[PDB]
Amino acid sequence: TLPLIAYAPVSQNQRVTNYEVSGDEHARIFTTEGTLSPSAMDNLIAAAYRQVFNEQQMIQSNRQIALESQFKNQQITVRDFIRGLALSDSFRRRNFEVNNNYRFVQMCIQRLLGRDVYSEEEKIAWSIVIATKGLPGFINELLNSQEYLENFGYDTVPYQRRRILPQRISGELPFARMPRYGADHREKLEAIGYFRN
Amino acid sequence: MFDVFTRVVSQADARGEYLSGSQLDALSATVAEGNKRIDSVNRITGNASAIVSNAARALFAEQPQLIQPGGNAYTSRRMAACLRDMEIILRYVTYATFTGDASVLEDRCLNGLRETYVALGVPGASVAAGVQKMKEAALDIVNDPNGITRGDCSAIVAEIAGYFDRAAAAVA
Amino acid sequence: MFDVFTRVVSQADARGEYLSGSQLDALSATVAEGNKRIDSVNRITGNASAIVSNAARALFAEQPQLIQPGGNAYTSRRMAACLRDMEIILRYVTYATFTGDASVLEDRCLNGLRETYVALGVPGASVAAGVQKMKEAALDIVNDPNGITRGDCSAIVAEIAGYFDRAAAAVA
Amino acid sequence: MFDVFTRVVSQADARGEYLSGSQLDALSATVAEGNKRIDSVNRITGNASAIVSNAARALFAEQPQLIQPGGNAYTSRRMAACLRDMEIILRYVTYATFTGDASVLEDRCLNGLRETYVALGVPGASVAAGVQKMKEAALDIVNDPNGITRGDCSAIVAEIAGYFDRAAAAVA
Amino acid sequence: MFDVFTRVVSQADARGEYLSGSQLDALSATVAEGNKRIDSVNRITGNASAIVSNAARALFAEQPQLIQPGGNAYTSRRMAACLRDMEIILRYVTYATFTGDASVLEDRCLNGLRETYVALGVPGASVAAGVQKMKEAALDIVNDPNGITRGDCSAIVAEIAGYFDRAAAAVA
Amino acid sequence: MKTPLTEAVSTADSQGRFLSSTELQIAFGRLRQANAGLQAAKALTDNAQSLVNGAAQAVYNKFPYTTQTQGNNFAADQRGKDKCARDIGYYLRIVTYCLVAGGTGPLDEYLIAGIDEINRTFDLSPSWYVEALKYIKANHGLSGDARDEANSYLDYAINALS
Amino acid sequence: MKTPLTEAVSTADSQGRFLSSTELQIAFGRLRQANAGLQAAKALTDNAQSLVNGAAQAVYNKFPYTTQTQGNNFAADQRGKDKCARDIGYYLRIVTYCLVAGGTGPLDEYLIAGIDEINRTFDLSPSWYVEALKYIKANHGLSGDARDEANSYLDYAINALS
Amino acid sequence: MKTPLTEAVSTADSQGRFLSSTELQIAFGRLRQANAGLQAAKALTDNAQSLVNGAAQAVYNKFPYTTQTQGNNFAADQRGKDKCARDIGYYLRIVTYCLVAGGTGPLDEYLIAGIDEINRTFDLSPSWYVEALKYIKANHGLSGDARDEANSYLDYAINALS
Amino acid sequence: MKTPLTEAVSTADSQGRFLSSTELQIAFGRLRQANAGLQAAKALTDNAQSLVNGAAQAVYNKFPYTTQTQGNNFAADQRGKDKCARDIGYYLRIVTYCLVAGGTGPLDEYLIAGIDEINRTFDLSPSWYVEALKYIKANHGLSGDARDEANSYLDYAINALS
Ligand SMILES: *[C@H](C)[C@H]1/C(=C/c2[nH]c(/C=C3N=C(/C=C4\NC(=O)C(CC)=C4C)C(C)=C\3CCC(=O)O)c(CCC(=O)O)c2C)NC(=O)[C@@H]1C
Ligand SMILES: *[C@H](C)[C@H]1/C(=C/c2[nH]c(/C=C3N=C(/C=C4\NC(=O)C(CC)=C4C)C(C)=C\3CCC(=O)O)c(CCC(=O)O)c2C)NC(=O)[C@@H]1C
Ligand SMILES: *[C@H](C)[C@H]1/C(=C/c2[nH]c(/C=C3N=C(/C=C4\NC(=O)C(CC)=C4C)C(C)=C\3CCC(=O)O)c(CCC(=O)O)c2C)NC(=O)[C@@H]1C
Ligand SMILES: CCC1=C(C)/C(=C/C2=NC(=C\c3[nH]c(/C=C4\NC(=O)[C@H](C)[C@H]4CC)c(C)c3CCC(=O)O)/C(CCC(=O)O)=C2C)NC1=O
Ligand SMILES: CCC1=C(C)/C(=C/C2=NC(=C\c3[nH]c(/C=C4\NC(=O)[C@H](C)[C@H]4CC)c(C)c3CCC(=O)O)/C(CCC(=O)O)=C2C)NC1=O
Ligand SMILES: CCC1=C(C)/C(=C/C2=NC(=C\c3[nH]c(/C=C4\NC(=O)[C@H](C)[C@H]4CC)c(C)c3CCC(=O)O)/C(CCC(=O)O)=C2C)NC1=O
Ligand SMILES: CCC1=C(C)/C(=C/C2=NC(=C\c3[nH]c(/C=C4\NC(=O)[C@H](C)[C@H]4CC)c(C)c3CCC(=O)O)/C(CCC(=O)O)=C2C)NC1=O
Ligand SMILES: CCC1=C(C)/C(=C/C2=NC(=C\c3[nH]c(/C=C4\NC(=O)[C@H](C)[C@H]4CC)c(C)c3CCC(=O)O)/C(CCC(=O)O)=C2C)NC1=O
Ligand SMILES: CCC1=C(C)/C(=C/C2=NC(=C\c3[nH]c(/C=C4\NC(=O)[C@H](C)[C@H]4CC)c(C)c3CCC(=O)O)/C(CCC(=O)O)=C2C)NC1=O
Ligand SMILES: CCC1=C(C)/C(=C/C2=NC(=C\c3[nH]c(/C=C4\NC(=O)[C@H](C)[C@H]4CC)c(C)c3CCC(=O)O)/C(CCC(=O)O)=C2C)NC1=O
Ligand SMILES: CCC1=C(C)/C(=C/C2=NC(=C\c3[nH]c(/C=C4\NC(=O)[C@H](C)[C@H]4CC)c(C)c3CCC(=O)O)/C(CCC(=O)O)=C2C)NC1=O
C-alpha cells in the first residue's frame, strides 16, 4: 500500500499530561480484567454499545447477539468486541453508508480513539485508508493504533478522553451529539422526498 | 458537573472566600426540601415510561406530519430513536433535579443538541413541544397528593419546570 | 517535519534541481555551527526545570493577578497545567534548536494553541510574557561563558531567541 | 460483585426461595454493625498512607534482602510498584470491608495476582508478609478507642482480619 | 532490551557494584571494534535482499518439498510470508549485531517464533536451514576484502555467526 | 448487582481511589433505609401467596382472553395458570430480593436482562405482568419508608416491561 | 466535583439509566451528612484565622529551618510567611468546601490535582502542609459526626501529600 | 522523514521528554557524517550528467530489448530514452538529497514509497533501475566515508527494488 | 534501557525497516562519546567513596535538621546516615552506569521512574538529593567531553527531582 500522508497534530486536551484526580467527571473504566458478574458484563456491553452506536442505536435489532455471547465467554477481548461493533451491519448501514469517508473517519476517531480529529487533514489522511482497505482495514488500523492501545489497550471500553477539565462545568462537546449523518445526507434525504411538510 | 452545594462552592472558590452565614443557611434550606426533591426524582423515575409514551402520543396527535410517511419519526427505527430522545431528555431533567443544579443538564444533554437536531433534520420545535408535554405530565405526577406525606412542594416543582423549560429552549 | 538540512532538501525538490554550491556552503556553515548548537541544546535541557520555575516565579511576581483567586494560574490543577505549558513550550523550543528548523515547533506544539487558550479562558498575553521570561532565562544559561570553550555563538543565540518569539507570538 | 446483602440474595435465588427469618435477622444485625464497619473503613482509608509506609519500612527492615541491589524492591520503579501494590491490596481490603463480602477483593484483586507475581518474579511470600504488616497496622488503628464512641467491634475486626488473610494467602 | 554496554550495566547493577577496570577495558575494546561492527551491519543491510533471495533459492533447491504443491512455501501468500520471515530474521540479526547483544534478537524476534511455527505447521528445520544459508551469505559478504580497508574482523564475524546459530536454534 | 455498596466500590475502583466520605455517605443512606427494606421484604414474604394469587386473578380479570382462549402462552388450562402464578411469584421474589439488597440489581440480573426475548418468543404480553405489578403495588399494604422503597422496584419492573 | 449526588448521577449516566433507589439512598446519606458538614464548615469558618495562624506557627515550630534559611521556598522573610499563611488559608478553605460539598471533590479539583509537581518545582516540602493539617485535625474542636467527616478530608489531604 | 535529528526529536516527543545526551550523540554522529555527505553530494552533483548518461547506457547494454522492442514502457523511440534518463536523474538527485539529509528520508518520501505501483502500472522492470544504481555504485569515484555513505543510499534503493 | 543503540534499533523496528545510514550515524556518535564516557565512569568509580561522603556531608551542612530532628526519614541516627550514604552511592553508581551506557536509560529505568512515589511515601525531600548532585557537579574532577556528558546526567537527575 502507501504510507499515510503526514498531518500536523492540533492541540487538544488529551495531548498534554493529565494533572487531575479522577473524581466526578472521569469516564468510568469498563474493563474485563477484573472478574465480573453477568450484570456487570451486561453494563460493560451496554457501555460499548453506547460508545460505538450511541444511545439511539441501542435497539434489539442492532444488538450483536453472537458477538455478545462470545464476549461473555471471553472468546474475544474488549477491543475485538469494539471491532465487531464497528464491523456490524447496522453500524455500516446507519453510520458508514450515510456519510462520506471524511465524516466517517471523524466519527470513528471520536468513537474509537476517544478524541476529536485534529483538523480536516487527519480526516483526509485516514479517508484514503478507508478508500483502499475498506471499512475493516480502516477499523483495524484504528484499533491497532498505538493511541487506541496506550489509552484503552485490549480490555477497556473506549471513552471520550479529557472531555472536561477539573472544576469546569463545561468542556468540549460530548461525542454523543454527533449524528449518523451530516447536513449533506440530511439535504439528500430532503431531496429524495423525506422530511417535508 | 455541579450540584446545589458544589455550585456555591465554585463561586466561593472563584472569589477565594469562605461561605457566609446566609449561604450556609440557604444550603441548609436545600437540605430541608431535599426530601421533597428525592420524592420528585422518585416519582418521575417511576412514571418515566408513562410520561414518555403519553407525551409522544399527544405530540404525534397534535403534529401528525411526524408519523405521516416521510416524517422525521417515520419508521420503527426513527420512532425508537425519538422515544429514546424523550427518555434521554427526561433522564437528564431527573439528573438536574437530583443535583439541584442544571450543570449536568446543560453539559451532557443540552449544549450542542440544537446543532445535532439541525444536522439530522430533526424538527427542534416538535422536540420542544414534546419536552413541554413531558413537563405537564411530570408536574402533574409530582404534585399528586395521594400516597405521600403532605406538604408544600412548590419550590421543587418550579425547579423541575425551569429544567424542562431550559431543555425545551435548548432545542427550539 | 523538517530540520535545517531537510528544509533545503525539500525546497530543492520543489524546484526539482540539485543543491548548488552556495547552499552546500551554507549547510557546511551550519555544520560548523552544530557543536555550539548542541551545547545550547544541552544547556537549556540541563537548566530546563530551573528556567521553568524561575520564569514562572518572575511571571507571577510581575502578574500577581494570575495566582489570586479568580485567576487562571489559581488552584493547584491550573498551576500545574501552567508549569506543564512552560515545560512543553521550552521542550519544543529545544526541539527546534536541535533540528535547526521550526517545523516541529509549529506543527507539533503551536498548531491550534491560540484558539485552545481562547476556549479555555487562558490569557495568551500572560503565556507570551512567560515565554519571554523563559527566553531571557535560556539566553542567560546558553551565553554563560564559564565551563565551556570560548567562541562566538551569536547566530545560535539569535535562532533560539527567534524560536522563542515565534512561540510567544503563537499565543498572544 | 457481591456485598453482604446480594450474597444472601444470590444464595436464595439459587435456591429459588424467599429469604427466611434467620437471614433477615442476620442482615439486620449486619445493619446494626454497619456504623462500626463504616468507622473501620474510614480509619483504614484515613491512615492508608501511614499503613503502607510503616508496613513497607518494617517489611524491608525485617527482610532487607529485597531493597539491596539485585532485590525485587530494588530501584525506584520496582519500589514504587511495591508501594503501589501495598496501596492497591489495602484499598481492596477496604472495598471488601465496605461491601461486607470478599467478592470484589477476590475477583478484582486476588484473581491472577499470584500468577502475576510468579510471572514477574515477585516473591509472593514477601508480599504476604507485607500484607500481614498492613493487617497488624490496620487492626491496631481500627481497635483504637480514642476519638470514637466505645463499643464492641470484634466482629468487624475479625472480618477485616479474614480479608487480610485472604489477601495474604492469594499472593503466595 | 540491552546493547553491549547495557548488558554490563544491568549485570553490575544486579551485583550492585561499579564497573571494574577489566569491564571498562573490555567495553573500550568493543568501542574499538565498533567501526568494524558498523561495517558488518552496513554490508548485511546493503545486501539484505540479495541474501534473502539467494538463501531462499538455495533452500528451495536443497528442499524442493517446500515449493511443490502441498508444501509450506507453496502459493504466493505462504511464500511471501516465508520471504518476510527470512528478511525479519536477517533484520533482527542485524539489530543484534548493531547492539552487540542478542537481547533484541531473543526478545523481539525469537519470542514465540517456534510456537508460531509449530502451531502453523511451518517446518522449523527448514527455516533453520534458510537461516544457515543467510549466515553463509552474510559471512561471505562481510569478509569480502574489496571496497573496504583491511583489518582483523574475527570477533564481530564470530558474533554474527553466534547470532545466526541462536536464530536457527530457536526455530529448530 | 446494582446496590449502593457495590456501585460505590465499583465507582471508586474504576477511578482507582480509596473510599472517601462520598462512599461513606452512600453506605450511610444504605444503612438508613436497609432496615425498612428488610422489613418490607419480610412483609411481602409473609403476604406473598395471597399477593401472587390476587395478582393472577387481577390479570385474569383485566385480560379474560388468557383464561378462555386456547394456546400455550395463555392460562386457559391449569398448566397455564400454574405458569402465571410461578411468573408472578418470580416477580415478587425478585422484588423482595431488591428490597433486601437495596437496589434494582436483582431485577437487572434476574428479571430485566432477557425478558424481551422471552416475551416475544413465548408470546407473553408484558402488559399482563405490568397489571400484576400494579396489583402488587395496590395490595402490598406497606406504608411510609417501606412503601416508597417497594414501589421503586415495582415501577422499575413496570418501566422495563413498558 | 466528587460528591454523593454528582457521583450517583455519573453512575446512572454511564449506565444510561434513570436514578434508581440506589441513587436515592445515596442522596439520603448525603442529606443526613450535609447538616453536620454545614455546621462543621461554619465552625471552621469562624475559627479559620486562629487555625491558620496556629497551623503556620506549628509548621514553623516543627520546621524552624524555614524561618532562618534564605530562599524563595522558605518563610524567612515576610513574603514567605505571607505565602505560607495563604497556603494554610487555601487548605482550610478547601477543607470547608469539602465539608459543604460532602465529598473530597473540592480537594480533588482544587488542590490535590497537581500538588506534587507544585511541591517539587517550587521546592516545597509536603510535610509542612502535613503538619499544618495535623494542627487543623488537633485544634478544630468539632465533636460527633462533624468531627469525623471533617477529619476524613484532613487525612485525605495528608495521605495525598504523604 | 528519516533524518537523525528528526528521528531523535520524534523519539523524544513520543516519550514526551527533553533531549538527553542520547539525542546529543545522535546529533554528533550526524554532524560527524555531514561533511563527507555534503562533499559526496557536491561530487555527485557536478558529475551527475555523465553518471546519468552512463547509467542509461549501462541499462541499454544489459537490457537491449528496451531500445529495440516497441512499447510505451520501452526506450526504443526518443521519448522513452528521455524518460529513462529523467528517471535515472531522479534516482541520482534523490540520492544526493539523501546525502545532504544524512538519512534515507528523501528516498522514502520521494522515491521508495509507491515505486512498486509505478513499476506495476506502467510495466517497468525494477531490474533496470537496479542496474542503473549499480552503475552509479561502480563509477561515482568516491572513497572513504563519502563512498560508504553514498553507496548505502544506492543499496537502499536497490534493496527496495529487488 | 534508553541508549543510542537501543533507540536506533527500536526506531528501525518501529517502522519495521533495516538499519539505514541514520542508525549507523547514531552508532558513530555513540562510539565518539563512548570513550570519554568510559574514562568519566572510571574516574567517578575511583573517586566514588570520597564523592559520596562529601555529597552526604554537603547535604548535612545545607540541611542540618536532617541530623538533628528525630525521625525515620532523617539522618539523625547512624541508620539514617547509612541510608543517606547508600542513596548517594546509588545515585553516583547509576550516573556511572549512564556514562558507560551512553544515555540516561539507566537513570530512567533504575532511578528516575518512580522516584516521585519514593520521596512522597518515605518523606524524603528531593532538595537534599538536588544539593548532593550539585556537589557531584562541583568536584567530580572531569574536563572536556567527559565533563559535559557526566553533568548532563547530573542535571537530568536534578531536573527530574525538581
Ligand atoms: C438451551 C437449549 C439450554 C441452555 C443454554 C445456555 N447457554 C448459555 C450460554 C452460552 N451459550 C453459548 C453458545 C454459543 N455462543 C456463540 O456465539 C455460539 C456460536 C456463534 C455458540 C454456539 C455461549 C458462548 C454462552 C456463554 C456466553 C453467554 O452467556 O452468552 C447459558 C448461560 C449460562 C450461564 O449461567 O451463564 C444457558 C442457560 N441452558 C439450558 O439449560 C438448556 C439445556
Ligand atoms: C508554609 C506551610 C511553608 C511555605 C510555603 C510557600 N508556598 C509557596 C508557593 C506556592 N504555594 C502554592 C500552593 C497552592 N496554590 C494553590 O492554588 C492551591 C490550591 C488552592 C495551593 C495549595 C503555589 C501554587 C505556589 C507558587 C505560586 C505562588 O507563588 O503563588 C512559596 C513560594 C515559593 C516561591 O518560589 O516563590 C512558599 C515560601 N514556605 C515555608 O517555609 C513554610 C514552611
Ligand atoms: C541522604 C542524602 C538523606 C537521607 C536519606 C534516606 N533515604 C531513605 C530511604 C530510601 N531511599 C531510597 C532510594 C532509592 N532506592 C533505590 O532502589 C534507588 C535506585 C537504585 C534509590 C535512589 C528508598 C527506596 C528508600 C526506602 C526503602 C529503604 O529504607 O531502603 C531513608 C529512610 C527512610 C525511612 O523511613 O526508613 C533516609 C533517612 N536522609 C537524610 O536525612 C539525608 C539528608
Ligand atoms: C503539546 C502542545 C500542547 C500544549 C502546550 C497545550 C496546552 C494546554 N494548556 C491547557 C490548560 C492550561 N494552560 C494553562 C497555562 C497558563 N495559565 C496561566 O495563567 C499562564 C499565563 C499560563 C502558563 C504560563 C493553565 C493554567 C491551564 C489550565 C486550564 C484549566 O484547567 O482551566 C490545556 C487543556 C488540557 C489540560 O489542561 O489538560 C491544553 C491542551 N495543548 C497541546 O497540545
Ligand atoms: C444525551 C443528549 C443527546 C441527545 C438527546 C441526542 C439526540 C439524538 N437524536 C438522534 C436521532 C433522532 N432523534 C429523533 C427524535 C425525534 N424525531 C421526531 O420526529 C420527534 C420530534 C423527536 C422525538 C421527540 C429521531 C426520530 C431520530 C432518528 C434520526 C435518524 O436516525 O434518522 C441522534 C443521532 C442518532 C445516531 O447517531 O444514531 C442523536 C445524537 N444526542 C445527545 O448527545
Ligand atoms: C428509597 C425510597 C424512599 C423515598 C423516595 C423516601 C422519601 C421520603 N419523603 C419524605 C417526606 C416528604 N415528601 C414530600 C413530598 C411531597 N408531598 C406532597 O404533598 C407532594 C405531592 C410531594 C412532592 C413530590 C413531603 C412534603 C415530605 C415531608 C417533608 C420532608 O420530609 O422533607 C420522607 C420523610 C419520612 C416521611 O414522612 O415519609 C421520606 C423518607 N423514603 C424512602 O424510603
Ligand atoms: C553529549 C554531551 C556533549 C556535548 C553537548 C558536547 C559539546 C561540545 N561542544 C564543543 C565545542 C564548542 N562549544 C561552543 C559553545 C559556546 N562557546 C561559548 O563561549 C558560548 C557560551 C557557547 C554557546 C552556547 C564553542 C564556541 C565550541 C568550540 C567551537 C566548536 O567546536 O564548534 C565541543 C568540541 C570539544 C571541545 O572543545 O570541548 C564539544 C564536544 N560534547 C559532549 O560530550
Ligand atoms: C462520613 C464520616 C462519618 C463516619 C465514618 C461516621 C461513623 C459513625 N460511627 C458511629 C458509631 C460507632 N462506631 C463504633 C466503632 C468503634 N468503637 C470502638 O470502640 C472501636 C475502636 C471502633 C471500631 C473501629 C461504635 C462501637 C459505634 C456505636 C455503635 C453503632 O453506632 O453502630 C456513629 C453513630 C453516631 C455516634 O455515636 O457517633 C456514626 C455516625 N459518622 C460520619 O459522619
Ligand atoms: C500457486 C501460486 C504460486 C505462484 C504463482 C508461484 C510463482 C513462483 N515462481 C517462482 C520462480 C520462477 N518463475 C520463473 C518464470 C519465468 N521465467 C521466465 O524467463 C519466463 C518468461 C517465465 C514464465 C512465464 C523462473 C525462471 C523462476 C525461478 C527464479 C529463481 O530460481 O531465481 C518462484 C520461486 C520459488 C521457486 O523457485 O519455486 C515462485 C514462488 N509460486 C506459487 O506457489
Ligand atoms: C515478531 C517478529 C515476527 C516473526 C518471528 C514472525 C513470524 C511469522 N511467520 C508467519 C508465517 C509463515 N512463515 C512461513 C515461512 C516458511 N515456510 C517455509 O516453508 C520455510 C521453511 C519458511 C521460510 C524459510 C510461512 C510459509 C508462513 C505462512 C504459513 C501459513 O500461511 O499457513 C506468521 C503468521 C502470520 C503471518 O503470516 O503474517 C508469523 C507471525 N512474524 C513477525 O512479525
Ligand atoms: C554511514 C556509512 C559509513 C560506514 C558504515 C563507515 C564505516 C567505517 N569503517 C571504518 C573502518 C574499518 N572497517 C573495517 C572492516 C572490515 N575490514 C575488513 O577487511 C573486513 C572485510 C571488514 C569487516 C566487515 C576495518 C578493519 C576498519 C579499520 C579499523 C577501524 O576503523 O575500526 C571507518 C574508519 C575510516 C576508514 O578508514 O575508512 C569507517 C568510517 N563510515 C561511513 O560513513
Side-chain angles (χ1 to χ4, degrees), chain A residues 14 22 26-55 57-58 62-92 95 107-115 135-163 174-176, chain D residues 1 88 104 107-109 111-113 115-116, chain F residues 1-2 6-7 9-16 108-109 113, chain G residues 10-11 13-17:
Chain A
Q14 40 88 23
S22 309
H26 91 290
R28 183 177 295 113
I29 299 292
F30 288 93
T31 184
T32 52
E33 277 157 299
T35 304
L36 293 176
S37 284
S39 188
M41 185 64 73
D42 283 328
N43 303 101
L44 198 147
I45 286 173
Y49 278 144
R50 183 178 182 271
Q51 174 76 12
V52 178
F53 297 151
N54 275 347
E55 275 281 324
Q57 315 176 43
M58 293 198 72
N62 290 347
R63 295 179 66 250
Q64 319 293 311
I65 310 296
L67 199 81
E68 283 178 36
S69 173
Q70 288 143 22
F71 183 63
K72 305 194 196 71
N73 191 180
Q74 214 176 353
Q75 299 285 334
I76 52 177
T77 68
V78 185
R79 175 181 88 128
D80 311 342
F81 186 79
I82 288 303
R83 161 158 41 237
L85 291 205
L87 294 175
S88 54
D89 188 84
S90 50
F91 192 65
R92 194 261 269 94
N95 307 68
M107 200 175 297
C108 275
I109 282 183
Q110 285 181 3
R111 294 180 190 190
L112 300 198
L113 307 181
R115 63 144 174 98
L135 188 153
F138 171 62
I139 290 303
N140 292 152
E141 282 349 274
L142 266 214
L143 284 214
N144 288 290
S145 86
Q146 198 258 343
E147 170 147 49
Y148 184 82
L149 304 178
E150 68 183 1
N151 285 290
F152 316 113
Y154 287 82
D155 287 332
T156 300
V157 163
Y159 46 85
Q160 184 161 6
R161 287 178 294 122
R162 315 267 293 272
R163 188 187 72 89
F175 292 151
Chain D
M1 66 195 63
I88 280 153
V104 56
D107 303 335
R108 292 181 181 178
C109 186
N111 189 34
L113 178 50
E115 283 68 50
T116 294
Chain F
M1 286 172 230
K2 183 170 179 70
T6 54
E7 270 299 354
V9 164
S10 69
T11 290
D13 178 45
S14 178
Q15 65 183 357
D108 290 309
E109 200 203 332
Chain G
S10 300
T11 295
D13 202 79
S14 68
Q15 313 193 349
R17 55 183 274 151

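Labels below follow one simple rule: chain letters A, B, ... track the order of the sequence lines, proteins then strands, and each chain is numbered from 1. Just so it is clear, the values below take in all heavy atoms, side chains as well, and ignore hydrogens, waters and symmetry mates.
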With rounding to the nearest 0.5 Å, note down the distance linking [atom1] in [X] to [atom2] in [Y].
| X | Y | atom1 | atom2 | value |
| --- | --- | --- | --- | --- |
| A:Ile139 | A:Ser145 | CD1 | OG | 10.5 Å |
| A:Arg92 | A:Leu135 | CZ | CG | 8.0 Å |
| F:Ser10 | F:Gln15 | OG | CD | 10.0 Å |

Heavy atoms only: give me the nearest [X]-[Y] pair and the separation to one decimal.
| X | Y | result |
| --- | --- | --- |
| D:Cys109 | D:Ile88 | SG-CG2, 4.4 Å |
| A:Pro174 | A:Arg163 | CG-NH1, 3.5 Å |
| A:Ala86 | A:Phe91 | O-CD2, 3.3 Å |
| A:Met41 | A:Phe71 | SD-CE2, 3.6 Å |
| A:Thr31 | A:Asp155 | OG1-O, 2.7 Å |

Let's go through A:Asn95 and A:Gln57 carefully: what are the C-alpha distance in whole Å and the side-chain angles of both, what is the deciding distance for side-chain hydrogen bond (donor to acceptor under 3.5 Å, both in side chains) to 0.1 Å, and is it a yes or a no? CA-CA 10 Å; A:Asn95 307 68; A:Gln57 315 176 43; 3.2 Å; yes
Name all residues meeting the side chain to side chain donor-acceptor pair (under 3.5 Å) criterion together with F:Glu109; count only those two or more places apart in sequence or in a different chain, and write none if there are none.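 Applying side chain to side chain donor-acceptor pair (under 3.5 Å) to F:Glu109 gives none.
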Could you pull out all residues at least two apart from A:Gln146 that satisfy side chain to side chain donor-acceptor pair (under 3.5 Å)?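 Side chain to side chain donor-acceptor pair (under 3.5 Å) list for A:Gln146, sorted by chain: A:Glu150.
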Partners meeting side chain to side chain contact (heavy atoms under 4.5 Å, CB included) with A:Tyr159 (sequence neighbours left out):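 Counting only residues at least two positions away or on another chain, A:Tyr159 forms a side chain to side chain contact (heavy atoms under 4.5 Å, CB included) with A:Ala27, A:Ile29, A:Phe152, A:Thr156, A:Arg161.
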Throw together a table of side-chain donor-acceptor distances under 3.5 angstrom for residues 46-54 of chain A, partners on residues two or more places apart or in other chains.
{"residue": "A:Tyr49", "atom": "OH", "partner": "A:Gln64", "partner atom": "N", "Å": "2.8"}
{"residue": "A:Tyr49", "atom": "OH", "partner": "A:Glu68", "partner atom": "OE2", "Å": "2.4"}
{"residue": "A:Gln51", "atom": "NE2", "partner": "A:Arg111", "partner atom": "O", "Å": "2.9"}
{"residue": "A:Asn54", "atom": "ND2", "partner": "A:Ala176", "partner atom": "O", "Å": "3.0"}
{"residue": "A:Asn54", "atom": "ND2", "partner": "A:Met178", "partner atom": "O", "Å": "3.4"}

Is it true that, when you exclude A:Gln74 itself, more than 12 heavy atoms of the residues, nucleotides or ligands shown sit nearer than 6.0 Å to its CD?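 Atom CD in A:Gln74 is not crowded, with 12 or fewer foreign heavy atoms closer than 6.0 Å.
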Within the 4.5 Å heavy-atom criterion, are [X] and [Y] side-chain neighbours or not?
| X | Y | value |
| --- | --- | --- |
| A:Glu147 | A:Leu142 | no |
| A:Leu87 | A:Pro136 | yes |
| A:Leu44 | A:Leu36 | yes |
| A:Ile45 | A:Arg63 | no |
| A:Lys72 | A:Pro38 | no |
| F:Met1 | A:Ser37 | no |

Can you tell me which residue pairs pass the salt bridge (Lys or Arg N to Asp or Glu O under 4.0 Å) test with a partner in residues 28-41 of chain A, sequence neighbours excluded?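 Qualifying pairs: none.
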Does the F:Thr11 side chain pair with the main chain of F:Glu7, one donor and one acceptor, at a distance under 3.5 Å?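 Yes; judged by distance alone, with no hydrogens or angles, the pair exists.
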For A:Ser39 and A:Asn43, what are the C-alpha separation, side-chain angles and deciding distance, and is it a side chain to side chain contact (heavy atoms under 4.5 Å, CB included)? CA-CA 6 Å; A:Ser39 188; A:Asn43 303 101; 3.9 Å; yes
Side chain to side chain contact (heavy atoms under 4.5 Å, CB included) assessment of A:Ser88 paired with A:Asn62: CA-CA 8 Å; A:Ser88 54; A:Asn62 290 347; over 6 Å; no
Check residues 76-83 of chain A and write down every donor-acceptor pair under 3.5 Å in which the side-chain atom is one partner and the other belongs to a residue at least two apart or another chain.
{"residue": "A:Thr77", "atom": "OG1", "partner": "A:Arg79", "partner atom": "N", "Å": "3.4"}
{"residue": "A:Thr77", "atom": "OG1", "partner": "A:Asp80", "partner atom": "N", "Å": "3.3"}
{"residue": "A:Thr77", "atom": "OG1", "partner": "A:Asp80", "partner atom": "OD1", "Å": "3.3"}
{"residue": "A:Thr77", "atom": "OG1", "partner": "A:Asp80", "partner atom": "OD2", "Å": "3.3"}
{"residue": "A:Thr77", "atom": "OG1", "partner": "A:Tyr154", "partner atom": "O", "Å": "3.4"}
{"residue": "A:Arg79", "atom": "NH1", "partner": "A:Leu143", "partner atom": "O", "Å": "3.0"}
{"residue": "A:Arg79", "atom": "NH1", "partner": "A:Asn144", "partner atom": "OD1", "Å": "2.7"}
{"residue": "A:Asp80", "atom": "OD1", "partner": "A:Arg83", "partner atom": "NH2", "Å": "2.8"}
{"residue": "A:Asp80", "atom": "OD2", "partner": "A:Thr77", "partner atom": "N", "Å": "3.4"}

Mind running side chain to side chain contact (heavy atoms under 4.5 Å, CB included) on A:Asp42 and F:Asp108 for me, showing each step along the way? CA-CA 9 Å; A:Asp42 283 328; F:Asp108 290 309; over 6 Å; no
